[PDB]
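Data from protein07.pdb: PDB, C-alpha atoms
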ATOM      1  CA  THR A   2       9.316  -8.062  30.630
ATOM      2  CA  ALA A   3       6.310  -6.442  28.907
ATOM      3  CA  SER A   4       6.806  -2.687  28.734
ATOM      4  CA  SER A   5       3.500  -1.241  27.482
ATOM      5  CA  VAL A   6      -0.241  -1.535  28.041
ATOM      6  CA  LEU A   7      -3.040  -1.454  25.489
ATOM      7  CA  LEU A   8      -5.531   1.404  25.567
ATOM      8  CA  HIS A   9      -9.086   0.763  24.359
ATOM      9  CA  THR A  10      -8.158   2.526  21.109
ATOM     10  CA  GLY A  11      -5.522  -0.119  20.381
ATOM     11  CA  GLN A  12      -2.647   2.218  21.185
ATOM     12  CA  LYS A  13       0.388   0.855  22.966
ATOM     13  CA  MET A  14       1.225   3.179  25.834
ATOM     14  CA  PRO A  15       4.676   2.574  27.382
ATOM     15  CA  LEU A  16       4.613   1.724  31.104
ATOM     16  CA  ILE A  17       7.409   4.241  31.727
ATOM     17  CA  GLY A  18       7.329   7.816  30.471
ATOM     18  CA  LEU A  19       9.335  10.931  31.214
ATOM     19  CA  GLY A  20       7.591  13.456  33.435
ATOM     20  CA  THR A  21       8.221  17.084  32.426
ATOM     21  CA  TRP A  22       6.280  18.495  35.371
ATOM     22  CA  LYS A  23       8.553  21.086  37.089
ATOM     23  CA  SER A  24      11.214  20.875  34.367
ATOM     24  CA  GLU A  25      12.321  24.462  33.727
ATOM     25  CA  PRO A  26      12.433  25.593  30.071
ATOM     26  CA  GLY A  27      16.222  25.933  30.347
ATOM     27  CA  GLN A  28      16.700  22.325  31.528
ATOM     28  CA  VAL A  29      13.987  20.339  29.786
ATOM     29  CA  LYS A  30      15.727  19.955  26.405
ATOM     30  CA  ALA A  31      18.665  18.102  27.960
ATOM     31  CA  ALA A  32      16.254  15.891  29.911
ATOM     32  CA  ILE A  33      14.376  14.934  26.723
ATOM     33  CA  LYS A  34      17.641  14.121  24.938
ATOM     34  CA  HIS A  35      18.794  11.892  27.783
ATOM     35  CA  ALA A  36      15.412  10.146  28.013
ATOM     36  CA  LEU A  37      15.244   9.398  24.296
ATOM     37  CA  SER A  38      18.817   8.030  24.437
ATOM     38  CA  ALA A  39      17.838   5.832  27.400
ATOM     39  CA  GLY A  40      14.968   4.362  25.380
ATOM     40  CA  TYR A  41      12.010   6.414  26.602
ATOM     41  CA  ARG A  42       9.219   6.487  24.041
ATOM     42  CA  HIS A  43       6.595   8.235  26.193
ATOM     43  CA  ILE A  44       6.790  11.892  27.215
ATOM     44  CA  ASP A  45       4.242  13.507  29.537
ATOM     45  CA  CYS A  46       3.623  17.229  29.043
ATOM     46  CA  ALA A  47       1.178  19.976  30.023
ATOM     47  CA  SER A  48       0.594  23.547  28.928
ATOM     48  CA  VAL A  49       0.742  24.690  32.557
ATOM     49  CA  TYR A  50       4.301  23.374  32.925
ATOM     50  CA  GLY A  51       5.347  26.386  30.825
ATOM     51  CA  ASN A  52       7.906  24.434  28.807
ATOM     52  CA  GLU A  53       6.124  22.967  25.769
ATOM     53  CA  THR A  54       7.937  25.241  23.293
ATOM     54  CA  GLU A  55      11.291  23.940  24.531
ATOM     55  CA  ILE A  56      10.026  20.353  24.502
ATOM     56  CA  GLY A  57       8.930  20.902  20.886
ATOM     57  CA  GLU A  58      12.436  22.011  19.948
ATOM     58  CA  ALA A  59      14.012  19.033  21.688
ATOM     59  CA  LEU A  60      11.695  16.535  20.004
ATOM     60  CA  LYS A  61      12.237  18.103  16.589
ATOM     61  CA  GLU A  62      15.930  17.170  16.801
ATOM     62  CA  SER A  63      15.374  13.413  16.924
ATOM     63  CA  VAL A  64      11.687  12.671  16.324
ATOM     64  CA  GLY A  65       9.962  12.605  12.940
ATOM     65  CA  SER A  66      10.646  12.103   9.253
ATOM     66  CA  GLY A  67      14.082  10.676   8.519
ATOM     67  CA  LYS A  68      15.007  10.918  12.188
ATOM     68  CA  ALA A  69      16.203   8.440  14.807
ATOM     69  CA  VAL A  70      12.722   8.062  16.298
ATOM     70  CA  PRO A  71       9.771   8.020  13.871
ATOM     71  CA  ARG A  72       6.805  10.084  15.129
ATOM     72  CA  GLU A  73       4.618   6.963  15.317
ATOM     73  CA  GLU A  74       7.078   5.383  17.763
ATOM     74  CA  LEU A  75       6.689   8.171  20.328
ATOM     75  CA  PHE A  76       3.740   8.555  22.719
ATOM     76  CA  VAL A  77       3.138  12.220  23.630
ATOM     77  CA  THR A  78       0.608  13.308  26.264
ATOM     78  CA  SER A  79      -0.458  16.850  27.093
ATOM     79  CA  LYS A  80      -3.155  18.361  29.286
ATOM     80  CA  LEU A  81      -5.865  21.038  29.097
ATOM     81  CA  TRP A  82      -5.343  23.594  31.880
ATOM     82  CA  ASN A  83      -8.031  24.734  34.376
ATOM     83  CA  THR A  84      -8.531  28.163  32.777
ATOM     84  CA  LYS A  85      -9.458  26.583  29.440
ATOM     85  CA  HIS A  86     -12.557  24.586  30.383
ATOM     86  CA  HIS A  87     -15.022  26.774  28.446
ATOM     87  CA  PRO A  88     -15.969  24.802  25.313
ATOM     88  CA  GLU A  89     -14.861  27.689  23.059
ATOM     89  CA  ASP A  90     -11.369  27.593  24.572
ATOM     90  CA  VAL A  91     -10.715  23.873  24.277
ATOM     91  CA  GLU A  92      -9.640  23.588  20.647
ATOM     92  CA  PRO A  93      -7.551  26.790  20.747
ATOM     93  CA  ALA A  94      -5.797  25.435  23.856
ATOM     94  CA  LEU A  95      -4.990  22.166  22.092
ATOM     95  CA  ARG A  96      -3.872  24.017  18.954
ATOM     96  CA  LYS A  97      -1.494  26.143  21.037
ATOM     97  CA  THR A  98      -0.050  22.974  22.577
ATOM     98  CA  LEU A  99       0.409  21.428  19.112
ATOM     99  CA  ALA A 100       2.097  24.599  17.846
ATOM    100  CA  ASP A 101       4.467  24.688  20.798
ATOM    101  CA  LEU A 102       5.278  20.950  20.623
ATOM    102  CA  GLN A 103       5.544  21.238  16.825
ATOM    103  CA  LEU A 104       3.307  18.197  16.358
ATOM    104  CA  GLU A 105       0.368  17.234  14.126
ATOM    105  CA  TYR A 106      -1.364  15.276  16.863
ATOM    106  CA  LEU A 107      -1.140  14.133  20.441
ATOM    107  CA  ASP A 108      -1.321  10.512  21.484
ATOM    108  CA  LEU A 109      -3.276  11.463  24.605
ATOM    109  CA  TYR A 110      -4.888  14.678  25.839
ATOM    110  CA  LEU A 111      -6.095  14.951  29.435
ATOM    111  CA  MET A 112      -8.310  17.343  31.373
ATOM    112  CA  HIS A 113      -5.688  18.357  33.952
ATOM    113  CA  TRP A 114      -8.209  18.820  36.809
ATOM    114  CA  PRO A 115     -11.996  18.424  36.974
ATOM    115  CA  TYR A 116     -12.470  21.974  38.260
ATOM    116  CA  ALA A 117     -12.242  25.233  36.338
ATOM    117  CA  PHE A 118     -10.396  28.481  37.040
ATOM    118  CA  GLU A 119     -11.437  31.942  35.818
ATOM    119  CA  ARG A 120     -11.210  32.224  32.037
ATOM    120  CA  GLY A 121      -8.367  34.223  30.537
ATOM    121  CA  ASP A 122      -4.694  34.284  29.610
ATOM    122  CA  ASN A 123      -3.378  33.950  33.169
ATOM    123  CA  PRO A 124      -3.118  30.282  34.235
ATOM    124  CA  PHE A 125      -3.353  31.371  37.878
ATOM    125  CA  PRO A 126      -5.868  34.224  38.177
ATOM    126  CA  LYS A 127      -5.005  35.032  41.775
ATOM    127  CA  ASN A 128      -6.448  37.441  44.296
ATOM    128  CA  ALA A 129      -4.074  39.666  46.294
ATOM    129  CA  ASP A 130      -4.143  37.170  49.164
ATOM    130  CA  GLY A 131      -3.125  34.259  46.942
ATOM    131  CA  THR A 132      -6.390  32.406  46.383
ATOM    132  CA  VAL A 133      -7.357  31.552  42.799
ATOM    133  CA  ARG A 134     -10.575  32.798  41.222
ATOM    134  CA  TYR A 135     -12.858  30.014  40.002
ATOM    135  CA  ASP A 136     -15.112  29.375  37.008
ATOM    136  CA  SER A 137     -18.397  27.424  37.040
ATOM    137  CA  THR A 138     -17.952  25.414  33.815
ATOM    138  CA  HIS A 139     -18.797  21.758  34.388
ATOM    139  CA  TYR A 140     -16.333  19.082  33.281
ATOM    140  CA  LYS A 141     -19.109  17.375  31.278
ATOM    141  CA  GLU A 142     -19.349  20.437  29.052
ATOM    142  CA  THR A 143     -15.569  20.525  28.691
ATOM    143  CA  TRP A 144     -15.595  16.814  27.853
ATOM    144  CA  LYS A 145     -18.053  17.285  24.989
ATOM    145  CA  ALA A 146     -15.747  19.933  23.481
ATOM    146  CA  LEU A 147     -12.763  17.587  23.867
ATOM    147  CA  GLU A 148     -14.559  14.789  21.972
ATOM    148  CA  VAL A 149     -14.612  16.900  18.770
ATOM    149  CA  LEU A 150     -10.787  16.882  18.724
ATOM    150  CA  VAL A 151     -10.675  13.132  18.110
ATOM    151  CA  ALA A 152     -12.837  13.420  14.996
ATOM    152  CA  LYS A 153     -10.506  16.126  13.633
ATOM    153  CA  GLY A 154      -7.540  13.788  13.987
ATOM    154  CA  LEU A 155      -5.784  16.117  16.434
ATOM    155  CA  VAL A 156      -5.759  13.671  19.332
ATOM    156  CA  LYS A 157      -5.756   9.860  19.363
ATOM    157  CA  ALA A 158      -7.154   9.383  22.877
ATOM    158  CA  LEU A 159      -8.706  11.510  25.603
ATOM    159  CA  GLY A 160      -8.454  11.070  29.333
ATOM    160  CA  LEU A 161      -8.827  12.461  32.807
ATOM    161  CA  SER A 162      -6.416  13.741  35.418
ATOM    162  CA  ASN A 163      -7.192  14.076  39.129
ATOM    163  CA  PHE A 164     -10.789  12.864  38.762
ATOM    164  CA  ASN A 165     -12.424  10.757  41.449
ATOM    165  CA  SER A 166     -14.540   7.640  40.858
ATOM    166  CA  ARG A 167     -17.855   9.498  40.928
ATOM    167  CA  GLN A 168     -16.565  12.086  38.449
ATOM    168  CA  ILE A 169     -15.216   9.392  36.127
ATOM    169  CA  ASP A 170     -18.602   7.677  36.064
ATOM    170  CA  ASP A 171     -20.272  11.041  35.440
ATOM    171  CA  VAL A 172     -18.096  11.548  32.346
ATOM    172  CA  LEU A 173     -18.775   7.963  31.237
ATOM    173  CA  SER A 174     -22.520   8.535  31.598
ATOM    174  CA  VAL A 175     -22.491  11.121  28.778
ATOM    175  CA  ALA A 176     -19.446  10.114  26.723
ATOM    176  CA  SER A 177     -19.518   9.527  22.973
ATOM    177  CA  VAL A 178     -15.740   9.150  23.050
ATOM    178  CA  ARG A 179     -14.651   7.146  26.100
ATOM    179  CA  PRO A 180     -11.758   8.309  28.298
ATOM    180  CA  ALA A 181      -8.814   5.906  27.889
ATOM    181  CA  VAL A 182      -6.571   6.893  30.787
ATOM    182  CA  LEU A 183      -6.829   8.272  34.331
ATOM    183  CA  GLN A 184      -3.719  10.059  35.616
ATOM    184  CA  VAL A 185      -3.413  10.525  39.401
ATOM    185  CA  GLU A 186      -0.847  10.645  42.202
ATOM    186  CA  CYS A 187       0.092   7.045  43.056
ATOM    187  CA  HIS A 188       2.817   5.329  45.097
ATOM    188  CA  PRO A 189       2.851   2.885  47.997
ATOM    189  CA  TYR A 190       1.617   5.468  50.561
ATOM    190  CA  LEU A 191      -1.356   6.254  48.289
ATOM    191  CA  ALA A 192      -1.779   3.001  46.400
ATOM    192  CA  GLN A 193      -5.116   3.935  44.781
ATOM    193  CA  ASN A 194      -6.264   0.320  44.894
ATOM    194  CA  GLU A 195      -9.927   1.293  44.970
ATOM    195  CA  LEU A 196      -9.641   3.832  42.174
ATOM    196  CA  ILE A 197      -7.462   1.530  40.020
ATOM    197  CA  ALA A 198      -9.979  -1.284  40.440
ATOM    198  CA  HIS A 199     -12.698   1.190  39.481
ATOM    199  CA  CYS A 200     -10.802   2.230  36.339
ATOM    200  CA  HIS A 201     -10.093  -1.346  35.315
ATOM    201  CA  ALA A 202     -13.826  -2.103  35.617
ATOM    202  CA  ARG A 203     -14.492   0.863  33.289
ATOM    203  CA  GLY A 204     -11.807   0.112  30.703
ATOM    204  CA  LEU A 205      -9.440   2.936  31.689
ATOM    205  CA  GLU A 206      -5.702   2.430  32.177
ATOM    206  CA  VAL A 207      -4.033   4.288  35.033
ATOM    207  CA  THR A 208      -0.973   6.555  35.002
ATOM    208  CA  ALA A 209       0.864   7.411  38.243
ATOM    209  CA  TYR A 210       2.561  10.739  38.816
ATOM    210  CA  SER A 211       4.760  11.211  41.875
ATOM    211  CA  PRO A 212       5.530   7.457  41.872
ATOM    212  CA  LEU A 213       8.681   8.053  43.932
ATOM    213  CA  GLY A 214       6.798   9.793  46.727
ATOM    214  CA  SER A 215       7.788  13.418  46.121
ATOM    215  CA  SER A 216      10.888  13.519  48.323
ATOM    216  CA  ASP A 217      11.326  17.074  47.031
ATOM    217  CA  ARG A 218       8.242  17.941  49.127
ATOM    218  CA  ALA A 219       9.331  16.065  52.266
ATOM    219  CA  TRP A 220      10.403  19.291  53.952
ATOM    220  CA  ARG A 221       6.736  20.352  54.119
ATOM    221  CA  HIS A 222       6.254  17.706  56.822
ATOM    222  CA  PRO A 223       9.749  17.179  58.259
ATOM    223  CA  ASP A 224       8.715  14.512  60.778
ATOM    224  CA  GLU A 225       7.026  12.264  58.189
ATOM    225  CA  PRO A 226       8.955   9.274  56.839
ATOM    226  CA  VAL A 227      10.542   9.417  53.389
ATOM    227  CA  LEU A 228       9.087   6.757  51.050
ATOM    228  CA  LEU A 229      12.414   6.052  49.326
ATOM    229  CA  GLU A 230      13.907   5.328  52.760
ATOM    230  CA  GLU A 231      11.203   2.954  54.039
ATOM    231  CA  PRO A 232      12.929  -0.110  55.541
ATOM    232  CA  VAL A 233      11.015  -2.507  53.276
ATOM    233  CA  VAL A 234      12.057  -0.485  50.206
ATOM    234  CA  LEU A 235      15.695  -0.540  51.304
ATOM    235  CA  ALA A 236      15.477  -4.294  51.970
ATOM    236  CA  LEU A 237      13.983  -4.961  48.531
ATOM    237  CA  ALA A 238      16.685  -2.769  46.967
ATOM    238  CA  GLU A 239      19.396  -4.899  48.573
ATOM    239  CA  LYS A 240      17.714  -8.234  47.830
ATOM    240  CA  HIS A 241      17.293  -7.391  44.130
ATOM    241  CA  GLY A 242      20.414  -5.271  43.650
ATOM    242  CA  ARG A 243      18.313  -2.380  42.375
ATOM    243  CA  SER A 244      17.841   1.220  43.519
ATOM    244  CA  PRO A 245      14.976   2.228  45.835
ATOM    245  CA  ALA A 246      13.490   4.234  42.932
ATOM    246  CA  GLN A 247      13.538   1.095  40.781
ATOM    247  CA  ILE A 248      11.773  -0.828  43.547
ATOM    248  CA  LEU A 249       8.929   1.723  43.661
ATOM    249  CA  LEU A 250       8.603   1.798  39.888
ATOM    250  CA  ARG A 251       8.713  -2.004  39.485
ATOM    251  CA  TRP A 252       5.853  -2.326  41.973
ATOM    252  CA  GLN A 253       3.714  -0.177  39.691
ATOM    253  CA  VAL A 254       4.882  -1.945  36.496
ATOM    254  CA  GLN A 255       3.739  -5.254  37.952
ATOM    255  CA  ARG A 256       0.382  -3.698  38.887
ATOM    256  CA  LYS A 257       0.118  -2.586  35.215
ATOM    257  CA  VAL A 258       0.175   1.034  36.344
ATOM    258  CA  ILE A 259       1.963   3.387  33.945
ATOM    259  CA  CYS A 260       4.543   5.641  35.655
ATOM    260  CA  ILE A 261       5.790   9.093  34.655
ATOM    261  CA  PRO A 262       8.604   9.965  37.077
ATOM    262  CA  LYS A 263       9.738  13.555  36.581
ATOM    263  CA  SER A 264      13.475  14.274  36.414
ATOM    264  CA  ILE A 265      16.157  16.277  34.654
ATOM    265  CA  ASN A 266      18.985  14.213  36.138
ATOM    266  CA  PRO A 267      20.721  11.961  33.596
ATOM    267  CA  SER A 268      21.554   9.163  36.057
ATOM    268  CA  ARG A 269      18.045   9.056  37.503
ATOM    269  CA  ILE A 270      16.359   9.333  34.116
ATOM    270  CA  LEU A 271      18.334   6.262  33.005
ATOM    271  CA  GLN A 272      17.686   4.304  36.210
ATOM    272  CA  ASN A 273      13.956   4.976  36.104
ATOM    273  CA  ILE A 274      13.345   3.004  32.904
ATOM    274  CA  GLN A 275      15.426  -0.023  33.940
ATOM    275  CA  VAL A 276      12.493  -1.816  35.586
ATOM    276  CA  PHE A 277      11.685  -4.659  33.207
ATOM    277  CA  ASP A 278      14.410  -7.165  34.071
ATOM    278  CA  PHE A 279      13.489  -8.186  37.622
ATOM    279  CA  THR A 280      10.315  -9.438  39.293
ATOM    280  CA  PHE A 281       8.615  -9.272  42.701
ATOM    281  CA  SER A 282       7.053 -12.348  44.307
ATOM    282  CA  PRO A 283       3.472 -12.278  45.613
ATOM    283  CA  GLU A 284       4.916 -11.950  49.145
ATOM    284  CA  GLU A 285       6.973  -8.895  48.140
ATOM    285  CA  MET A 286       3.968  -7.250  46.484
ATOM    286  CA  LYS A 287       2.053  -7.767  49.742
ATOM    287  CA  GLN A 288       4.907  -6.234  51.748
ATOM    288  CA  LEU A 289       4.774  -3.139  49.545
ATOM    289  CA  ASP A 290       0.987  -3.117  49.991
ATOM    290  CA  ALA A 291       1.511  -2.710  53.742
ATOM    291  CA  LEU A 292       2.762   0.845  53.202
ATOM    292  CA  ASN A 293      -0.665   2.074  52.050
ATOM    293  CA  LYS A 294      -1.823   4.847  54.403
ATOM    294  CA  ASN A 295      -3.820   7.440  52.440
ATOM    295  CA  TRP A 296      -0.998   9.986  52.399
ATOM    296  CA  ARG A 297      -1.513  12.449  49.539
ATOM    297  CA  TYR A 298       1.377  14.806  48.642
ATOM    298  CA  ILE A 299      -0.134  16.620  45.677
ATOM    299  CA  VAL A 300      -2.925  18.900  46.898
ATOM    300  CA  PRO A 301      -2.968  22.604  46.066
ATOM    301  CA  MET A 302      -2.173  24.461  49.295
ATOM    302  CA  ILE A 303      -2.028  28.022  50.558
ATOM    303  CA  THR A 304      -0.538  29.657  53.637
ATOM    304  CA  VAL A 305      -3.039  31.111  56.107
ATOM    305  CA  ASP A 306      -1.607  32.637  59.296
ATOM    306  CA  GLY A 307       1.578  30.579  59.175
ATOM    307  CA  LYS A 308      -0.084  27.272  58.326
ATOM    308  CA  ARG A 309      -0.606  25.455  55.023
ATOM    309  CA  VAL A 310      -4.244  24.523  54.334
ATOM    310  CA  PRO A 311      -5.925  23.122  51.212
ATOM    311  CA  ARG A 312      -6.717  25.895  48.716
ATOM    312  CA  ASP A 313      -9.325  24.357  46.453
ATOM    313  CA  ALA A 314     -11.408  22.099  48.709
ATOM    314  CA  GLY A 315     -14.368  24.490  48.507
ATOM    315  CA  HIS A 316     -14.658  24.273  44.726
ATOM    316  CA  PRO A 317     -17.861  22.416  43.841
ATOM    317  CA  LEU A 318     -15.908  20.123  41.515
ATOM    318  CA  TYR A 319     -12.967  19.393  43.828
ATOM    319  CA  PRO A 320     -12.005  15.708  43.564
ATOM    320  CA  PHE A 321     -10.491  14.948  46.980
ATOM    321  CA  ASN A 322     -13.505  15.189  49.306
ATOM    322  CA  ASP A 323     -14.763  11.677  48.416
ATOM    323  CA  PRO A 324     -13.030   8.545  49.777
ATOM    324  CA  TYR A 325     -11.886   7.674  46.216
TER     325      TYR A 325
END

Could you render the structure as structure tokens?
Amino acid sequence: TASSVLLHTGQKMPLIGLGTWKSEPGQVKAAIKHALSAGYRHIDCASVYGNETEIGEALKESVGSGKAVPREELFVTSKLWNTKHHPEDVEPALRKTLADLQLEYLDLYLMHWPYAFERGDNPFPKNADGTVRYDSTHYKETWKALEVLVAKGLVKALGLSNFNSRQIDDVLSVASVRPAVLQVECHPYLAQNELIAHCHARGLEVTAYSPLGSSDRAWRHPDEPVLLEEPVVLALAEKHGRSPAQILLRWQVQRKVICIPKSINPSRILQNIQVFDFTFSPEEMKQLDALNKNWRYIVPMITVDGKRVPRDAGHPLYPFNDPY
């Protein structure tokens, strides 16, 4: 039944939050309204999603002084984008996020990726051919600049997104403020058991994006199976009288993995938080474990002579070259 986990700061972070990744500015306000009505108290944002101003307007309607949801009862996460890794750019980036969201502080602020892109006002400084120009700033230097934000009261907790185990330990080796959360892709095809175990041994909680297996990206590999249609998922759905999405989310809830499924659909937004009133047996958890196959959907790609290949795997700080 328990619906949050404790961060090392003492903060309660709800096990289900609303993902705003891919939510267009024109649609995100309705999504936020529906989520708040459905009982969501955790919203996951990022500057690069290009919709924080609209999210700020939506939250201002029902969150804060004298409003239905007091500010302290909402958990808001945002993320520092790849072009803002230079120490001088870190606080201005956070301040811009706070201005757009119309907030005094964030509950959690993440480094969106461990690797940096060329500094400037273009989030994707691309060459004519589509590649992105890189920057050499190390994530340890960016981390030190992030730590200052906690002392100023602007952010309650800091964390990491798309870091691997080696990179997490590297941050830990120099940290004066400890990361509280790792956010990565996670679902039964990419169960992240090794990386989750690693985080638990380091005191970090884990947040899963793409917990429903990115069926919106299925067309990229049309002969691959769809996670939501896996026979074991369908069988669990029938046994428990729950939707396949609820099966995939409950699996993570029971693993104590926070989930941030992205949606603007009112029926799916509602469904996605109704995961605290049924339970899987040890046998069922092991059946879901059988799906693990190291299939990663979320990798930046680029088309080269009619084929999609990884775009960023040559960056010195790329996270996906190690086993975990």

### Task
May I ask which of the residues A:212, A:232, A:126, A:115 is the closest one to residue 318 in chain A, counting all atoms listed in the file?
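That would be A:115, the residue with the smallest distance to residue 318 in chain A.
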
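Nearest residue to residue 136 in chain A, choosing from A:83, A:162, A:123, A:215 and counting only C-alpha atoms: A:83.
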
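For the set A:163, A:275, A:38, A:84, the residue with the smallest atom-to-atom gap to residue 135 in chain A is A:84, counting only C-alpha atoms.
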
### Task
Between CA of residue 79 in chain A and CA of residue 111 in chain A, measure the distance and give it in Å to one decimal.
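Computing it gives 6.4 Å between the two atoms.
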
#### Entry: Interatomic distance, CA of residue 110 in chain A to CA of residue 81 in chain A (Å, one decimal)
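CA of residue 110 in chain A sits 7.2 Å away from CA of residue 81 in chain A.
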
Which centre and which edge lengths, in Å to one decimal, describe the axis-aligned box that holds all listed atoms of range 224-237 of chain A after 4 Å is added on each side, as JSON?
{"center_x": 11.4, "center_y": 4.8, "center_z": 54.7, "size_x": 16.7, "size_y": 27.5, "size_z": 20.2}

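Candidate residues A:150, A:202, A:191, A:238 were compared for distance to residue 178 in chain A, and the nearest is A:150, using only C-alpha atoms.
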
#### Entry: Contacts of residue 45 in chain A within 6 Å, all atoms listed in the file, excl. fewer than 6 positions in-chain, as number ranges by chain
A: 19-20, 78

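Neighbouring residues of residue 249 in chain A at 8 Å or closer, counting all atoms listed in the file and skipping chain neighbours under 4 positions away, are residues 188, 189, 212, 213, 229, 234, 245 and 253 of chain A.
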
### Query
Smallest atom-to-atom distance to residue 157 in chain A: which of A:320, A:14, A:203, A:85, using all atoms listed in the file?
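Nearest candidate to residue 157 in chain A out of A:320, A:14, A:203, A:85: A:14.
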
### Message
Can you pull out the residues contacting residue 181 in chain A? Cut-off 9 Å, using only C-alpha atoms, and skip same-chain residues under 4 positions away; I want them as a PyMOL selection string.
### Response
chain A and resi 8-10+109+158-161+204-207

### Query
Got a sec to resolve the PyMOL selection byres ((chain A and resi 107) around 6) on this structure and send the residues as number ranges by chain?
A: 77, 106, 108-109, 156

### Message
If I take CA of residue 40 in chain A and CA of residue 73 in chain A, how far is one from the other in Å, to one decimal?
### Response
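So the two atoms, CA of residue 40 in chain A and CA of residue 73 in chain A, lie 14.7 Å apart.
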
### Message
I need the residue nearest residue 251 in chain A from this list: A:227, A:35, A:17, A:87. Use all atoms listed in the file for the distance.
### Response
A:17
